[PDB]
Amino acid sequence: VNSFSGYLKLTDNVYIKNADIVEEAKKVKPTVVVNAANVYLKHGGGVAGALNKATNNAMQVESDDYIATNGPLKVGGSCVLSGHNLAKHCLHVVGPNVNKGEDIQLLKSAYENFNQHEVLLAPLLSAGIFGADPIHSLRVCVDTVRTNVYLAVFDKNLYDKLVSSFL
Ligand SMILES: O=C(O)c1cc2c(Cl)cccc2[nH]1
């Protein structure tokens with residue numbers, strides 16, 4: 001049993017809810033929250049900007065030190081950093097950004113990072129301002145992630161469409 005409430009079950013291991021991932025993290029304090037990161041860990045907008053704002057910029061301060069030491073992530077890659085006030089850990093995962101012309105086949109590689117964690121709270125990757133089709137992102141998630149993932153989708157309108165189109 002876990003703390004996640006109000007989710008629709010899509011598969012054995014994937015659950016979905018219309019929720020603000022920031023407000024969901026604040027309530028649950030999950031072991032892992034996933035950030036929709038870029039390779040520079042520059043948390044300006046989208047899910048990353050919202051998570052970082054909720055940490056009072058501490059996420060960005062920590063991220064800048066990580067990049068100064070290690071250099072940029074790979075598209076499809078990830079790193080584990082603090083979850084600050086939101087979670088124990090934040091898994092920063094880089095999905096391909098269609099608005100930068102990145103290979104959408106890298107979305108499966110991105111979701112494979114989730115398999116290193118038994119339970120996660122996560123946004124659909126590459127969706128929103130990353131320009132991928134969220135329906136596609138949910139299909140790759142279900143077909144890739146084998147650990148237990150709780151998806152918090154921001155838009156009530158994109159949410160209802162994801163449920164009603166899910167195969
Ligand atoms: O609600 C979602 O699933 C979602 C929103 C979003 C943004 Cl704005 C940027 C990157 C990934 C994202 N996922």
# chains A, B, ... in the order shown; residues from 1 in each chain; ligands from 1
>>> select_by_dssp(residues="chain A", states="alpha helix (DSSP H)", output="PDB file with N, CA, C and O atoms, in the first residue's frame")
ATOM      1  N   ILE A  21       1.566  18.578 -10.284  1.00  0.00           N
ATOM      2  CA  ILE A  21       2.644  17.758  -9.706  1.00  0.00           C
ATOM      3  C   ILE A  21       3.306  18.430  -8.504  1.00  0.00           C
ATOM      4  O   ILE A  21       3.706  17.749  -7.586  1.00  0.00           O
ATOM      5  N   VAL A  22       3.350  19.746  -8.499  1.00  0.00           N
ATOM      6  CA  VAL A  22       3.909  20.481  -7.333  1.00  0.00           C
ATOM      7  C   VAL A  22       3.042  20.220  -6.090  1.00  0.00           C
ATOM      8  O   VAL A  22       3.564  19.880  -5.028  1.00  0.00           O
ATOM      9  N   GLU A  23       1.723  20.378  -6.241  1.00  0.00           N
ATOM     10  CA  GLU A  23       0.776  20.211  -5.112  1.00  0.00           C
ATOM     11  C   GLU A  23       0.735  18.737  -4.718  1.00  0.00           C
ATOM     12  O   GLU A  23       0.702  18.427  -3.516  1.00  0.00           O
ATOM     13  N   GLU A  24       0.829  17.834  -5.684  1.00  0.00           N
ATOM     14  CA  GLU A  24       0.854  16.414  -5.381  1.00  0.00           C
ATOM     15  C   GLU A  24       2.109  16.025  -4.603  1.00  0.00           C
ATOM     16  O   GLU A  24       2.072  15.278  -3.602  1.00  0.00           O
ATOM     17  N   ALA A  25       3.267  16.547  -5.031  1.00  0.00           N
ATOM     18  CA  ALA A  25       4.522  16.256  -4.310  1.00  0.00           C
ATOM     19  C   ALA A  25       4.439  16.787  -2.868  1.00  0.00           C
ATOM     20  O   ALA A  25       4.816  16.089  -1.939  1.00  0.00           O
ATOM     21  N   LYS A  26       3.970  18.014  -2.742  1.00  0.00           N
ATOM     22  CA  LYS A  26       3.864  18.647  -1.395  1.00  0.00           C
ATOM     23  C   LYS A  26       2.997  17.798  -0.460  1.00  0.00           C
ATOM     24  O   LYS A  26       3.390  17.607   0.704  1.00  0.00           O
ATOM     25  N   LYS A  27       1.953  17.174  -0.977  1.00  0.00           N
ATOM     26  CA  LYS A  27       1.003  16.372  -0.143  1.00  0.00           C
ATOM     27  C   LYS A  27       1.599  14.994   0.154  1.00  0.00           C
ATOM     28  O   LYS A  27       1.605  14.570   1.350  1.00  0.00           O
ATOM     29  N   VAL A  28       2.103  14.279  -0.853  1.00  0.00           N
ATOM     30  CA  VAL A  28       2.560  12.884  -0.721  1.00  0.00           C
ATOM     31  C   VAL A  28       3.965  12.804  -0.117  1.00  0.00           C
ATOM     32  O   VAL A  28       4.274  11.847   0.570  1.00  0.00           O
ATOM     33  N   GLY A  46       7.693  25.307 -17.686  1.00  0.00           N
ATOM     34  CA  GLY A  46       7.047  24.000 -17.677  1.00  0.00           C
ATOM     35  C   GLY A  46       7.058  23.390 -16.288  1.00  0.00           C
ATOM     36  O   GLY A  46       7.058  24.108 -15.264  1.00  0.00           O
ATOM     37  N   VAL A  47       7.089  22.068 -16.239  1.00  0.00           N
ATOM     38  CA  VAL A  47       7.169  21.351 -14.965  1.00  0.00           C
ATOM     39  C   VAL A  47       8.444  21.774 -14.216  1.00  0.00           C
ATOM     40  O   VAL A  47       8.370  21.944 -12.990  1.00  0.00           O
ATOM     41  N   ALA A  48       9.570  21.867 -14.904  1.00  0.00           N
ATOM     42  CA  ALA A  48      10.824  22.172 -14.204  1.00  0.00           C
ATOM     43  C   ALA A  48      10.769  23.540 -13.548  1.00  0.00           C
ATOM     44  O   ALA A  48      11.165  23.688 -12.382  1.00  0.00           O
ATOM     45  N   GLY A  49      10.258  24.540 -14.275  1.00  0.00           N
ATOM     46  CA  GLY A  49      10.158  25.868 -13.668  1.00  0.00           C
ATOM     47  C   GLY A  49       9.261  25.831 -12.460  1.00  0.00           C
ATOM     48  O   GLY A  49       9.520  26.559 -11.465  1.00  0.00           O
ATOM     49  N   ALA A  50       8.166  25.083 -12.527  1.00  0.00           N
ATOM     50  CA  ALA A  50       7.210  25.024 -11.401  1.00  0.00           C
ATOM     51  C   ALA A  50       7.820  24.303 -10.206  1.00  0.00           C
ATOM     52  O   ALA A  50       7.710  24.757  -9.054  1.00  0.00           O
ATOM     53  N   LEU A  51       8.461  23.159 -10.446  1.00  0.00           N
ATOM     54  CA  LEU A  51       9.132  22.437  -9.318  1.00  0.00           C
ATOM     55  C   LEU A  51      10.181  23.335  -8.677  1.00  0.00           C
ATOM     56  O   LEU A  51      10.263  23.428  -7.445  1.00  0.00           O
ATOM     57  N   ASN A  52      11.003  23.950  -9.525  1.00  0.00           N
ATOM     58  CA  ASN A  52      12.103  24.763  -8.986  1.00  0.00           C
ATOM     59  C   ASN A  52      11.535  25.936  -8.166  1.00  0.00           C
ATOM     60  O   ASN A  52      12.042  26.238  -7.063  1.00  0.00           O
ATOM     61  N   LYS A  53      10.495  26.603  -8.658  1.00  0.00           N
ATOM     62  CA  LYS A  53       9.878  27.717  -7.926  1.00  0.00           C
ATOM     63  C   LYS A  53       9.414  27.222  -6.561  1.00  0.00           C
ATOM     64  O   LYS A  53       9.565  27.960  -5.554  1.00  0.00           O
ATOM     65  N   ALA A  54       8.823  26.052  -6.498  1.00  0.00           N
ATOM     66  CA  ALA A  54       8.304  25.499  -5.235  1.00  0.00           C
ATOM     67  C   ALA A  54       9.424  25.234  -4.243  1.00  0.00           C
ATOM     68  O   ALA A  54       9.155  25.224  -3.015  1.00  0.00           O
ATOM     69  N   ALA A  58      16.133  26.490  -4.667  1.00  0.00           N
ATOM     70  CA  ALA A  58      17.189  25.605  -4.169  1.00  0.00           C
ATOM     71  C   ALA A  58      17.491  24.500  -5.206  1.00  0.00           C
ATOM     72  O   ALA A  58      18.652  24.079  -5.307  1.00  0.00           O
ATOM     73  N   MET A  59      16.485  24.020  -5.917  1.00  0.00           N
ATOM     74  CA  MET A  59      16.729  23.037  -6.992  1.00  0.00           C
ATOM     75  C   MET A  59      17.722  23.595  -8.018  1.00  0.00           C
ATOM     76  O   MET A  59      18.656  22.882  -8.440  1.00  0.00           O
ATOM     77  N   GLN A  60      17.536  24.833  -8.439  1.00  0.00           N
ATOM     78  CA  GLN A  60      18.444  25.441  -9.434  1.00  0.00           C
ATOM     79  C   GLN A  60      19.854  25.610  -8.890  1.00  0.00           C
ATOM     80  O   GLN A  60      20.813  25.314  -9.604  1.00  0.00           O
ATOM     81  N   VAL A  61      19.976  26.033  -7.639  1.00  0.00           N
ATOM     82  CA  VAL A  61      21.310  26.188  -7.019  1.00  0.00           C
ATOM     83  C   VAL A  61      22.031  24.838  -7.019  1.00  0.00           C
ATOM     84  O   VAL A  61      23.215  24.743  -7.427  1.00  0.00           O
ATOM     85  N   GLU A  62      21.361  23.780  -6.573  1.00  0.00           N
ATOM     86  CA  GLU A  62      21.965  22.459  -6.542  1.00  0.00           C
ATOM     87  C   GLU A  62      22.318  22.009  -7.952  1.00  0.00           C
ATOM     88  O   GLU A  62      23.364  21.380  -8.169  1.00  0.00           O
ATOM     89  N   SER A  63      21.420  22.263  -8.898  1.00  0.00           N
ATOM     90  CA  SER A  63      21.630  21.844 -10.293  1.00  0.00           C
ATOM     91  C   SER A  63      22.823  22.544 -10.925  1.00  0.00           C
ATOM     92  O   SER A  63      23.583  21.924 -11.673  1.00  0.00           O
ATOM     93  N   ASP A  64      22.999  23.809 -10.640  1.00  0.00           N
ATOM     94  CA  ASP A  64      24.139  24.547 -11.191  1.00  0.00           C
ATOM     95  C   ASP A  64      25.462  23.959 -10.697  1.00  0.00           C
ATOM     96  O   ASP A  64      26.422  23.844 -11.494  1.00  0.00           O
ATOM     97  N   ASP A  65      25.522  23.587  -9.443  1.00  0.00           N
ATOM     98  CA  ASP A  65      26.724  22.928  -8.915  1.00  0.00           C
ATOM     99  C   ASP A  65      26.880  21.579  -9.617  1.00  0.00           C
ATOM    100  O   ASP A  65      28.037  21.197  -9.982  1.00  0.00           O
ATOM    101  N   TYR A  66      25.816  20.793  -9.824  1.00  0.00           N
ATOM    102  CA  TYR A  66      25.932  19.484 -10.504  1.00  0.00           C
ATOM    103  C   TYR A  66      26.498  19.689 -11.892  1.00  0.00           C
ATOM    104  O   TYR A  66      27.410  18.925 -12.304  1.00  0.00           O
ATOM    105  N   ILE A  67      26.026  20.659 -12.647  1.00  0.00           N
ATOM    106  CA  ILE A  67      26.508  20.864 -14.028  1.00  0.00           C
ATOM    107  C   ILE A  67      27.960  21.361 -14.027  1.00  0.00           C
ATOM    108  O   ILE A  67      28.773  20.939 -14.886  1.00  0.00           O
ATOM    109  N   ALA A  68      28.294  22.229 -13.104  1.00  0.00           N
ATOM    110  CA  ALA A  68      29.676  22.746 -13.019  1.00  0.00           C
ATOM    111  C   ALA A  68      30.631  21.581 -12.781  1.00  0.00           C
ATOM    112  O   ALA A  68      31.775  21.608 -13.332  1.00  0.00           O
ATOM    113  N   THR A  69      30.233  20.561 -12.052  1.00  0.00           N
ATOM    114  CA  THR A  69      31.096  19.401 -11.767  1.00  0.00           C
ATOM    115  C   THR A  69      31.064  18.404 -12.908  1.00  0.00           C
ATOM    116  O   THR A  69      32.155  17.839 -13.245  1.00  0.00           O
ATOM    117  N   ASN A  70      29.906  18.082 -13.452  1.00  0.00           N
ATOM    118  CA  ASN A  70      29.705  16.889 -14.302  1.00  0.00           C
ATOM    119  C   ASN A  70      29.464  17.227 -15.746  1.00  0.00           C
ATOM    120  O   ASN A  70      29.524  16.291 -16.570  1.00  0.00           O
ATOM    121  N   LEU A 106      14.163   8.829 -28.661  1.00  0.00           N
ATOM    122  CA  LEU A 106      14.902   8.931 -27.395  1.00  0.00           C
ATOM    123  C   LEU A 106      13.922   8.957 -26.231  1.00  0.00           C
ATOM    124  O   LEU A 106      14.330   8.856 -25.138  1.00  0.00           O
ATOM    125  N   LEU A 107      12.612   9.070 -26.524  1.00  0.00           N
ATOM    126  CA  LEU A 107      11.641   9.082 -25.427  1.00  0.00           C
ATOM    127  C   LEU A 107      11.642   7.748 -24.661  1.00  0.00           C
ATOM    128  O   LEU A 107      11.497   7.734 -23.461  1.00  0.00           O
ATOM    129  N   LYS A 108      11.795   6.637 -25.391  1.00  0.00           N
ATOM    130  CA  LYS A 108      11.832   5.324 -24.699  1.00  0.00           C
ATOM    131  C   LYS A 108      13.052   5.273 -23.771  1.00  0.00           C
ATOM    132  O   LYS A 108      12.920   4.878 -22.632  1.00  0.00           O
ATOM    133  N   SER A 109      14.211   5.709 -24.253  1.00  0.00           N
ATOM    134  CA  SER A 109      15.427   5.750 -23.400  1.00  0.00           C
ATOM    135  C   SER A 109      15.188   6.593 -22.126  1.00  0.00           C
ATOM    136  O   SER A 109      15.596   6.229 -21.061  1.00  0.00           O
ATOM    137  N   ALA A 110      14.501   7.736 -22.306  1.00  0.00           N
ATOM    138  CA  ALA A 110      14.201   8.629 -21.182  1.00  0.00           C
ATOM    139  C   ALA A 110      13.380   7.870 -20.129  1.00  0.00           C
ATOM    140  O   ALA A 110      13.653   7.906 -18.951  1.00  0.00           O
ATOM    141  N   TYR A 111      12.309   7.204 -20.575  1.00  0.00           N
ATOM    142  CA  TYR A 111      11.431   6.476 -19.627  1.00  0.00           C
ATOM    143  C   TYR A 111      12.161   5.297 -19.000  1.00  0.00           C
ATOM    144  O   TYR A 111      11.827   4.936 -17.873  1.00  0.00           O
ATOM    145  N   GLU A 112      13.172   4.722 -19.646  1.00  0.00           N
ATOM    146  CA  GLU A 112      13.897   3.589 -19.033  1.00  0.00           C
ATOM    147  C   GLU A 112      14.540   3.998 -17.712  1.00  0.00           C
ATOM    148  O   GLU A 112      14.701   3.187 -16.800  1.00  0.00           O
ATOM    149  N   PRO A 134       1.283  14.084 -26.163  1.00  0.00           N
ATOM    150  CA  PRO A 134       1.134  13.407 -24.865  1.00  0.00           C
ATOM    151  C   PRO A 134       0.518  12.006 -24.953  1.00  0.00           C
ATOM    152  O   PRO A 134       0.808  11.166 -24.117  1.00  0.00           O
ATOM    153  N   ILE A 135      -0.328  11.756 -25.962  1.00  0.00           N
ATOM    154  CA  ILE A 135      -0.908  10.408 -26.138  1.00  0.00           C
ATOM    155  C   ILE A 135       0.229   9.432 -26.411  1.00  0.00           C
ATOM    156  O   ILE A 135       0.229   8.317 -25.902  1.00  0.00           O
ATOM    157  N   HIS A 136       1.136   9.825 -27.289  1.00  0.00           N
ATOM    158  CA  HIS A 136       2.333   9.018 -27.588  1.00  0.00           C
ATOM    159  C   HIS A 136       3.181   8.845 -26.323  1.00  0.00           C
ATOM    160  O   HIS A 136       3.631   7.715 -26.096  1.00  0.00           O
ATOM    161  N   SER A 137       3.398   9.893 -25.603  1.00  0.00           N
ATOM    162  CA  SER A 137       4.223   9.811 -24.378  1.00  0.00           C
ATOM    163  C   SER A 137       3.626   8.796 -23.399  1.00  0.00           C
ATOM    164  O   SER A 137       4.372   7.965 -22.822  1.00  0.00           O
ATOM    165  N   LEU A 138       2.305   8.817 -23.224  1.00  0.00           N
ATOM    166  CA  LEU A 138       1.667   7.848 -22.317  1.00  0.00           C
ATOM    167  C   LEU A 138       1.824   6.433 -22.847  1.00  0.00           C
ATOM    168  O   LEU A 138       2.111   5.513 -22.033  1.00  0.00           O
ATOM    169  N   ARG A 139       1.731   6.212 -24.149  1.00  0.00           N
ATOM    170  CA  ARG A 139       1.904   4.866 -24.692  1.00  0.00           C
ATOM    171  C   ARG A 139       3.332   4.378 -24.433  1.00  0.00           C
ATOM    172  O   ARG A 139       3.545   3.237 -23.998  1.00  0.00           O
ATOM    173  N   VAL A 140       4.337   5.226 -24.693  1.00  0.00           N
ATOM    174  CA  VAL A 140       5.738   4.818 -24.454  1.00  0.00           C
ATOM    175  C   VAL A 140       5.909   4.537 -22.967  1.00  0.00           C
ATOM    176  O   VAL A 140       6.600   3.578 -22.613  1.00  0.00           O
ATOM    177  N   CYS A 141       5.362   5.357 -22.105  1.00  0.00           N
ATOM    178  CA  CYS A 141       5.465   5.128 -20.658  1.00  0.00           C
ATOM    179  C   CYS A 141       4.961   3.727 -20.318  1.00  0.00           C
ATOM    180  O   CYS A 141       5.648   2.939 -19.652  1.00  0.00           O
ATOM    181  N   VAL A 142       3.738   3.424 -20.724  1.00  0.00           N
ATOM    182  CA  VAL A 142       3.139   2.119 -20.376  1.00  0.00           C
ATOM    183  C   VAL A 142       3.949   0.979 -20.949  1.00  0.00           C
ATOM    184  O   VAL A 142       4.018  -0.078 -20.289  1.00  0.00           O
ATOM    185  N   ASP A 143       4.479   1.138 -22.118  1.00  0.00           N
ATOM    186  CA  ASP A 143       5.237   0.067 -22.783  1.00  0.00           C
ATOM    187  C   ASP A 143       6.703  -0.003 -22.335  1.00  0.00           C
ATOM    188  O   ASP A 143       7.417  -0.899 -22.807  1.00  0.00           O
ATOM    189  N   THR A 144       7.175   0.895 -21.496  1.00  0.00           N
ATOM    190  CA  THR A 144       8.602   0.960 -21.115  1.00  0.00           C
ATOM    191  C   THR A 144       8.781   0.794 -19.628  1.00  0.00           C
ATOM    192  O   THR A 144       9.720   0.096 -19.206  1.00  0.00           O
ATOM    193  N   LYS A 156      -6.702  19.547 -17.353  1.00  0.00           N
ATOM    194  CA  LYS A 156      -7.883  18.656 -17.165  1.00  0.00           C
ATOM    195  C   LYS A 156      -8.350  18.192 -18.540  1.00  0.00           C
ATOM    196  O   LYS A 156      -8.689  17.012 -18.747  1.00  0.00           O
ATOM    197  N   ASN A 157      -8.164  19.092 -19.526  1.00  0.00           N
ATOM    198  CA  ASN A 157      -8.576  18.890 -20.953  1.00  0.00           C
ATOM    199  C   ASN A 157      -7.670  17.862 -21.646  1.00  0.00           C
ATOM    200  O   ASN A 157      -8.214  16.957 -22.309  1.00  0.00           O
ATOM    201  N   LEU A 158      -6.350  17.968 -21.477  1.00  0.00           N
ATOM    202  CA  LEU A 158      -5.464  16.931 -22.065  1.00  0.00           C
ATOM    203  C   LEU A 158      -5.630  15.623 -21.281  1.00  0.00           C
ATOM    204  O   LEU A 158      -5.501  14.555 -21.903  1.00  0.00           O
ATOM    205  N   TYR A 159      -5.909  15.715 -19.976  1.00  0.00           N
ATOM    206  CA  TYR A 159      -6.122  14.530 -19.104  1.00  0.00           C
ATOM    207  C   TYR A 159      -7.291  13.652 -19.608  1.00  0.00           C
ATOM    208  O   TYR A 159      -7.090  12.498 -19.927  1.00  0.00           O
ATOM    209  N   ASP A 160      -8.517  14.160 -19.586  1.00  0.00           N
ATOM    210  CA  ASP A 160      -9.736  13.472 -20.090  1.00  0.00           C
ATOM    211  C   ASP A 160      -9.476  12.857 -21.452  1.00  0.00           C
ATOM    212  O   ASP A 160      -9.901  11.743 -21.726  1.00  0.00           O
ATOM    213  N   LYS A 161      -8.751  13.557 -22.325  1.00  0.00           N
ATOM    214  CA  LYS A 161      -8.425  12.976 -23.622  1.00  0.00           C
ATOM    215  C   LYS A 161      -7.484  11.779 -23.484  1.00  0.00           C
ATOM    216  O   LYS A 161      -7.611  10.831 -24.237  1.00  0.00           O
ATOM    217  N   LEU A 162      -6.506  11.845 -22.587  1.00  0.00           N
ATOM    218  CA  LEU A 162      -5.570  10.690 -22.397  1.00  0.00           C
ATOM    219  C   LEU A 162      -6.341   9.439 -21.913  1.00  0.00           C
ATOM    220  O   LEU A 162      -6.038   8.373 -22.354  1.00  0.00           O
ATOM    221  N   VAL A 163      -7.232   9.640 -20.939  1.00  0.00           N
ATOM    222  CA  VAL A 163      -8.016   8.485 -20.421  1.00  0.00           C
ATOM    223  C   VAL A 163      -8.914   7.917 -21.513  1.00  0.00           C
ATOM    224  O   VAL A 163      -8.904   6.732 -21.762  1.00  0.00           O
ATOM    225  N   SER A 164      -9.643   8.808 -22.190  1.00  0.00           N
ATOM    226  CA  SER A 164     -10.703   8.381 -23.134  1.00  0.00           C
ATOM    227  C   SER A 164     -10.089   7.773 -24.397  1.00  0.00           C
ATOM    228  O   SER A 164     -10.799   7.107 -25.142  1.00  0.00           O
ATOM    229  N   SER A 165      -8.802   8.013 -24.683  1.00  0.00           N
ATOM    230  CA  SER A 165      -8.138   7.454 -25.881  1.00  0.00           C
ATOM    231  C   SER A 165      -7.210   6.293 -25.517  1.00  0.00           C
ATOM    232  O   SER A 165      -6.585   5.719 -26.436  1.00  0.00           O
TER     233      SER A 165
END
>>> closest_residue(among="A:124, A:90, A:33, A:1", to="ligand 1", atoms="only C-alpha atoms and all ligand atoms")
A:124
>>> residues_around(residues="residue A:7", least_positions_apart="5", cutoff="8 Å", atoms="only C-alpha atoms", output="number ranges by chain")
A: 15-17, 150
>>> atom_distance(atom1="atom CA of residue A:57", atom2="atom CA of residue A:44")
10.4 Å
